[PDB]
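S.K.: My file is work-v1.txt. It has compact mmCIF, C-alpha atoms:
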```txt
# COMPACT_ATOMS: atom_id res chain seq x y z
CA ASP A 33 -23.24 -51.75 232.26
CA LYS A 34 -21.47 -49.39 234.77
CA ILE A 35 -21.16 -45.60 234.68
CA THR A 36 -18.63 -43.96 237.06
CA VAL A 37 -19.60 -40.44 238.19
CA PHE A 38 -17.21 -38.07 240.02
CA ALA A 39 -19.55 -35.72 241.88
CA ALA A 40 -19.16 -32.96 244.43
CA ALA A 41 -19.92 -34.54 247.83
CA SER A 42 -22.86 -32.25 248.54
CA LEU A 43 -24.71 -34.10 245.75
CA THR A 44 -24.60 -37.47 247.60
CA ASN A 45 -28.23 -37.82 248.61
CA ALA A 46 -29.66 -36.60 245.30
CA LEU A 47 -27.32 -38.64 243.12
CA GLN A 48 -27.77 -41.77 245.23
CA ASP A 49 -31.54 -41.49 244.75
CA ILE A 50 -31.08 -40.84 241.03
CA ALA A 51 -28.76 -43.87 240.68
CA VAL A 52 -31.25 -46.21 242.36
CA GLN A 53 -34.03 -45.01 240.06
CA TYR A 54 -31.87 -45.22 236.93
CA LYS A 55 -30.81 -48.80 237.74
CA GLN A 56 -34.44 -49.78 238.29
CA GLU A 57 -35.65 -48.17 235.04
CA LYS A 58 -32.66 -48.79 232.73
CA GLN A 59 -30.64 -51.66 234.29
CA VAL A 60 -27.46 -49.56 234.20
CA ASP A 61 -25.33 -49.41 237.36
CA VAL A 62 -24.30 -45.83 238.23
CA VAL A 63 -21.55 -45.65 240.84
CA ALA A 64 -20.40 -42.32 242.19
CA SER A 65 -17.32 -41.13 244.07
CA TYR A 66 -18.12 -38.10 246.23
CA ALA A 67 -15.35 -35.63 247.12
CA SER A 68 -14.39 -31.99 246.83
CA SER A 69 -14.60 -30.65 243.28
CA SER A 70 -10.87 -29.80 243.22
CA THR A 71 -9.81 -33.33 244.12
CA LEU A 72 -12.19 -34.87 241.61
CA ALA A 73 -10.86 -32.61 238.85
CA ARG A 74 -7.20 -33.31 239.68
CA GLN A 75 -7.87 -37.03 239.86
CA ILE A 76 -9.43 -36.88 236.38
CA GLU A 77 -6.32 -34.95 235.25
CA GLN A 78 -4.12 -37.71 236.70
CA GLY A 79 -5.98 -40.42 234.78
CA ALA A 80 -8.76 -41.66 237.08
CA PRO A 81 -11.45 -43.32 234.79
CA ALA A 82 -14.60 -41.33 235.44
CA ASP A 83 -17.32 -41.08 232.79
CA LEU A 84 -18.97 -37.88 234.09
CA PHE A 85 -17.84 -35.01 236.32
CA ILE A 86 -20.32 -32.83 238.29
CA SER A 87 -18.51 -29.96 239.96
CA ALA A 88 -19.84 -27.65 242.69
CA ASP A 89 -18.21 -24.73 240.95
CA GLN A 90 -17.31 -23.39 237.53
CA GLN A 91 -13.61 -22.83 238.31
CA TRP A 92 -12.78 -26.53 238.77
CA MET A 93 -14.68 -27.37 235.57
CA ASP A 94 -12.56 -24.68 233.83
CA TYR A 95 -9.46 -26.44 235.19
CA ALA A 96 -10.52 -29.88 233.95
CA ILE A 97 -11.39 -28.52 230.49
CA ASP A 98 -8.12 -26.57 230.26
CA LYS A 99 -6.27 -29.84 231.02
CA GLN A 100 -7.94 -31.40 227.95
CA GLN A 101 -9.69 -34.07 230.02
CA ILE A 102 -13.32 -33.12 229.20
CA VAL A 103 -15.63 -33.16 226.21
CA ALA A 104 -15.94 -29.39 226.63
CA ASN A 105 -18.98 -29.11 224.41
CA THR A 106 -20.97 -31.20 226.88
CA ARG A 107 -20.45 -28.64 229.66
CA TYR A 108 -23.92 -27.93 231.11
CA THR A 109 -24.81 -25.89 234.19
CA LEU A 110 -27.04 -28.44 235.91
CA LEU A 111 -27.97 -26.83 239.21
CA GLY A 112 -27.94 -23.64 241.18
CA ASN A 113 -27.97 -22.97 244.90
CA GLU A 114 -28.67 -20.07 247.22
CA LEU A 115 -26.47 -18.66 249.99
CA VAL A 116 -28.54 -18.78 253.17
CA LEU A 117 -28.61 -17.69 256.79
CA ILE A 118 -29.49 -20.58 259.10
CA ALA A 119 -30.55 -20.79 262.76
CA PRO A 120 -31.25 -23.75 265.04
CA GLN A 121 -34.68 -25.15 264.15
CA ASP A 122 -36.38 -23.87 267.34
CA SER A 123 -34.67 -20.44 267.32
CA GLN A 124 -36.83 -17.41 268.05
CA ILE A 125 -35.46 -15.98 264.77
CA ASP A 126 -37.64 -16.95 261.79
CA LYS A 127 -37.16 -14.30 259.10
CA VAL A 128 -34.31 -11.88 258.54
CA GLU A 129 -34.32 -9.40 255.68
CA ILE A 130 -30.68 -9.41 254.59
CA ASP A 131 -29.52 -6.03 253.29
CA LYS A 132 -27.13 -3.20 254.14
CA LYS A 133 -29.28 -2.30 257.15
CA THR A 134 -29.44 -5.71 258.86
CA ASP A 135 -28.74 -5.42 262.58
CA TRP A 136 -26.39 -8.39 262.84
CA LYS A 137 -25.38 -7.63 266.45
CA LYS A 138 -28.96 -7.71 267.69
CA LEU A 139 -29.52 -11.01 265.90
CA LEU A 140 -26.43 -12.71 267.36
CA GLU A 141 -26.98 -11.36 270.92
CA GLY A 142 -23.29 -12.01 271.61
CA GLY A 143 -23.26 -15.51 270.08
CA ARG A 144 -20.95 -16.56 267.26
CA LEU A 145 -21.76 -16.54 263.52
CA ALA A 146 -20.79 -20.00 262.18
CA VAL A 147 -19.06 -19.84 258.77
CA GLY A 148 -16.71 -21.92 256.70
CA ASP A 149 -13.24 -20.46 257.08
CA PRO A 150 -13.34 -17.68 254.47
CA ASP A 151 -9.70 -18.32 253.59
CA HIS A 152 -10.67 -21.57 251.83
CA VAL A 153 -14.13 -23.09 252.48
CA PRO A 154 -16.48 -22.39 249.53
CA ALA A 155 -19.42 -21.36 251.71
CA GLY A 156 -17.03 -19.09 253.62
CA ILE A 157 -15.66 -17.49 250.46
CA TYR A 158 -19.19 -16.72 249.26
CA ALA A 159 -20.18 -15.51 252.77
CA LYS A 160 -17.24 -13.12 252.82
CA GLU A 161 -18.07 -11.76 249.34
CA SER A 162 -21.71 -11.18 250.29
CA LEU A 163 -20.94 -9.62 253.69
CA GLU A 164 -18.27 -7.37 252.18
CA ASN A 165 -20.80 -6.16 249.58
CA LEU A 166 -23.33 -5.62 252.37
CA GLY A 167 -20.86 -3.61 254.50
CA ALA A 168 -21.13 -6.05 257.41
CA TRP A 169 -17.84 -7.96 257.22
CA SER A 170 -15.66 -5.78 259.49
CA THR A 171 -18.11 -5.65 262.38
CA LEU A 172 -18.73 -9.42 262.24
CA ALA A 173 -15.14 -10.61 261.72
CA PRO A 174 -14.37 -11.20 265.44
CA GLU A 175 -17.83 -12.74 265.96
CA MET A 176 -17.34 -15.55 263.47
CA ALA A 177 -16.70 -19.16 264.38
CA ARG A 178 -14.47 -20.05 261.41
CA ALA A 179 -14.90 -23.78 260.92
CA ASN A 180 -12.60 -26.06 258.89
CA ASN A 181 -15.44 -27.07 256.53
CA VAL A 182 -19.11 -26.36 255.99
CA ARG A 183 -20.26 -29.50 257.86
CA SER A 184 -18.40 -28.34 260.97
CA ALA A 185 -19.91 -24.87 260.66
CA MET A 186 -23.39 -26.28 260.38
CA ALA A 187 -22.81 -28.58 263.38
CA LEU A 188 -22.32 -25.51 265.59
CA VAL A 189 -25.79 -24.34 264.60
CA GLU A 190 -27.36 -27.83 264.86
CA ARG A 191 -26.17 -28.01 268.47
CA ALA A 192 -27.37 -24.43 269.15
CA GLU A 193 -23.76 -23.43 270.03
CA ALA A 194 -23.95 -20.68 267.37
CA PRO A 195 -27.28 -18.85 266.91
CA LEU A 196 -26.69 -18.18 263.19
CA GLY A 197 -24.63 -19.66 260.37
CA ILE A 198 -24.04 -19.15 256.66
CA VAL A 199 -24.29 -22.19 254.35
CA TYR A 200 -25.80 -23.15 250.98
CA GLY A 201 -29.55 -23.70 250.59
CA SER A 202 -29.05 -27.39 249.92
CA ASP A 203 -26.93 -27.64 253.13
CA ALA A 204 -29.86 -26.29 255.13
CA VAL A 205 -32.25 -28.83 253.52
CA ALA A 206 -29.86 -31.68 254.36
CA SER A 207 -29.77 -30.83 258.06
CA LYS A 208 -33.17 -31.29 259.73
CA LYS A 209 -31.92 -29.48 262.85
CA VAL A 210 -31.46 -26.07 261.16
CA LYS A 211 -33.84 -23.76 259.32
CA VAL A 212 -33.33 -21.06 256.74
CA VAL A 213 -34.13 -17.68 258.27
CA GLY A 214 -32.85 -15.52 255.42
CA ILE A 215 -31.56 -15.64 251.86
CA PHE A 216 -28.46 -13.61 251.03
CA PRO A 217 -29.33 -11.27 248.13
CA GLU A 218 -28.45 -12.91 244.83
CA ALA A 219 -26.99 -9.60 243.62
CA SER A 220 -24.35 -9.69 246.37
CA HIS A 221 -22.24 -12.75 245.50
CA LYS A 222 -21.14 -14.95 242.61
CA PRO A 223 -23.74 -17.56 241.62
CA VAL A 224 -23.45 -20.98 243.21
CA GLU A 225 -23.50 -23.27 240.16
CA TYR A 226 -22.87 -26.95 239.47
CA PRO A 227 -21.67 -27.77 235.93
CA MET A 228 -21.57 -31.28 234.53
CA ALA A 229 -19.63 -32.68 231.60
CA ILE A 230 -18.65 -35.97 229.97
CA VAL A 231 -15.00 -36.97 230.40
CA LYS A 232 -12.93 -37.19 227.22
CA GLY A 233 -12.87 -40.79 225.96
CA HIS A 234 -16.22 -41.62 227.62
CA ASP A 235 -18.49 -40.01 225.00
CA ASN A 236 -20.57 -43.03 224.14
CA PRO A 237 -24.31 -43.74 223.99
CA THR A 238 -24.52 -45.29 227.48
CA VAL A 239 -22.89 -42.31 229.20
CA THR A 240 -24.88 -39.82 227.12
CA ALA A 241 -28.16 -41.47 228.15
CA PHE A 242 -27.35 -40.88 231.81
CA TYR A 243 -26.10 -37.35 231.17
CA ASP A 244 -29.43 -36.66 229.49
CA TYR A 245 -31.28 -38.27 232.40
CA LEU A 246 -29.51 -35.97 234.88
CA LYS A 247 -30.86 -32.89 233.12
CA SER A 248 -34.38 -34.40 232.63
CA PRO A 249 -37.57 -33.74 234.65
CA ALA A 250 -37.30 -37.05 236.56
CA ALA A 251 -33.90 -36.15 237.99
CA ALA A 252 -34.97 -32.53 238.51
CA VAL A 253 -37.66 -33.73 240.98
CA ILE A 254 -34.95 -35.42 243.06
CA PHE A 255 -32.55 -32.45 242.96
CA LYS A 256 -35.40 -30.17 244.12
CA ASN A 257 -36.11 -32.61 246.99
CA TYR A 258 -32.57 -31.94 248.26
CA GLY A 259 -32.70 -28.14 247.93
CA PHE A 260 -30.91 -27.62 244.63
CA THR A 261 -32.40 -25.47 241.86
CA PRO A 262 -32.50 -27.44 238.59
CA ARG A 263 -31.41 -25.29 235.59
```
The structure in this file should be written as structure tokens.

M.R.:
Amino acid sequence: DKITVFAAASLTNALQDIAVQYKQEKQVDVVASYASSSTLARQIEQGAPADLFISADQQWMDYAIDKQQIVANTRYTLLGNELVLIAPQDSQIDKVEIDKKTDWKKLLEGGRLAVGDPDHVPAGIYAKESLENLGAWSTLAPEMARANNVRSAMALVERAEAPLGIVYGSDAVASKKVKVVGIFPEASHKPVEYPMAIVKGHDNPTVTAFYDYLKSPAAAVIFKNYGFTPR
């Protein structure tokens, strides 16, 4: 009848498309709440009745499992992402090789580097890890526009107020007004990974069928459309 999914908000467009298709094919209504992974996990801990949880990171899945709210043996890393350097779509920058030698100052030409605040925004935390490993953090620190969330960071680039920004690959696909000009080296930061799991008490055939659908080729097509890497 109805499946309730708690999903990281970045998954909205992909999961909405998947839910429409699943209702059409299987006559099951999938309804999703979209929010930060931490809030979804705490709400499950506090008794909210979700059937499935898709986190945008492994740490909040660890939290939900350690609270004994999850069928831990269903944990499945569903998607990956890349950490990317974006520019406004019509920027004269098109390709940046990102390594220890990158001339960040020449690229910015005095403009700001838009990031999520590295004190707390996921994309900012990954950006800081990568830039520290690349030896570029200290020289860029006063050049960053430290936004309160990744949407706000990307908006600076969409409006061409910041000539570069750092977001996830799927963020750059969502926003038609920015382009990926470089991919941060995968060796330089923790993987961006989205685990899913069934919530304890919701391990029934209906929920399992949708869980299986999420990791099937039909859903993979839709995740790829929105810039995620199906695993």

S.K.: When you count all atoms listed in the file, which of these residues is closest to residue 231 in chain A: A:135, A:244, A:77, A:33?

M.R.: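 Using all atoms listed in the file, the shortest distance to residue 231 in chain A belongs to A:77.
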
S.K.: List every residue of range 48-139 of chain A that has an atom at most 10 Å from any atom of range 154-162 of chain A, giving for each one its closest atom pair and the distance in Å to one decimal, counting all atoms listed in the file, sorted by chain and then by ascending residue number, as JSON lines.

M.R.:
```
{"residue": "A:88", "atom": "CA", "partner": "A:154", "partner_atom": "CA", "distance": 9.3}
{"residue": "A:89", "atom": "CA", "partner": "A:154", "partner_atom": "CA", "distance": 9.1}
{"residue": "A:115", "atom": "CA", "partner": "A:159", "partner_atom": "CA", "distance": 7.6}
{"residue": "A:116", "atom": "CA", "partner": "A:159", "partner_atom": "CA", "distance": 9.0}
{"residue": "A:117", "atom": "CA", "partner": "A:159", "partner_atom": "CA", "distance": 9.6}
{"residue": "A:131", "atom": "CA", "partner": "A:162", "partner_atom": "CA", "distance": 9.8}
```

S.K.: From the list A:191, A:34, A:137, A:178, which residue is nearest residue 151 in chain A when using all atoms listed in the file?

M.R.: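 Distance minimum relative to residue 151 in chain A lands on A:178.
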
S.K.: Return the single residue from A:236, A:171, A:184, A:165 that is closest to residue 221 in chain A, with distances computed using all atoms listed in the file.

M.R.: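 Among A:236, A:171, A:184, A:165, it is A:165 that comes nearest to residue 221 in chain A.
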
S.K.: Give the answer as one residue: which of A:67, A:145, A:94, A:258 has the shortest atom-to-atom distance to residue 175 in chain A, using only C-alpha atoms?

M.R.: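 So, comparing all the options, the nearest one is A:145.
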
S.K.: Any chance you could work out the axis-aligned box around range 58-68 of chain A, listed atoms only, 6 Å on each side, giving centre and edge lengths in Å to one decimal, as lines of an AutoDock Vina configuration file?

M.R.:
```
center_x = -23.5
center_y = -41.8
center_z = 239.9
size_x = 30.3
size_y = 31.7
size_z = 26.4
```

S.K.: Closest to residue 57 in chain A among A:247, A:242, A:99, A:41, using all atoms listed in the file?

M.R.: A:242

S.K.: Quick one, how far is CA of residue 243 in chain A from CA of residue 95 in chain A?

M.R.: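 CA of residue 95 in chain A lies 20.3 Å from CA of residue 243 in chain A.
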
S.K.: What does the structure give for the distance between CA of residue 76 in chain A and CA of residue 225 in chain A, in Å to one decimal?

M.R.: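 One can read the CA of residue 76 in chain A to CA of residue 225 in chain A distance as 19.9 Å.
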
S.K.: Which one of A:80, A:50, A:224, A:180 sits closest to residue 249 in chain A if you count only C-alpha atoms?

M.R.: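 Of A:80, A:50, A:224, A:180, the one nearest residue 249 in chain A is A:50, counting only C-alpha atoms.
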
S.K.: Please indicate the distance in Å from CA of residue 139 in chain A to CA of residue 259 in chain A, rounded to one decimal place.

M.R.: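 Distance between the two atoms: 25.0 Å.
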
S.K.: Neighbouring residues of residue 127 in chain A were defined as those with any atom within 12 Å, considering all atoms listed in the file; residues of the same chain fewer than 5 positions away were excluded. Please report them as a PyMOL selection string.

M.R.: chain A and resi 116-119+134+139+196+211-216

S.K.: May I have the selected residues written with C-alpha atoms, as a compact mmCIF listing (two decimals), keeping the file's coordinate frame?

M.R.:
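Heads up, here's the output in selection_32.txt:
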```
# COMPACT_ATOMS: atom_id res chain seq x y z
CA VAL A 116 -28.54 -18.78 253.17
CA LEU A 117 -28.61 -17.69 256.79
CA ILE A 118 -29.49 -20.58 259.10
CA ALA A 119 -30.55 -20.79 262.76
CA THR A 134 -29.44 -5.71 258.86
CA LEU A 139 -29.52 -11.01 265.90
CA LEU A 196 -26.69 -18.18 263.19
CA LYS A 211 -33.84 -23.76 259.32
CA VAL A 212 -33.33 -21.06 256.74
CA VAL A 213 -34.13 -17.68 258.27
CA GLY A 214 -32.85 -15.52 255.42
CA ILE A 215 -31.56 -15.64 251.86
CA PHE A 216 -28.46 -13.61 251.03
```
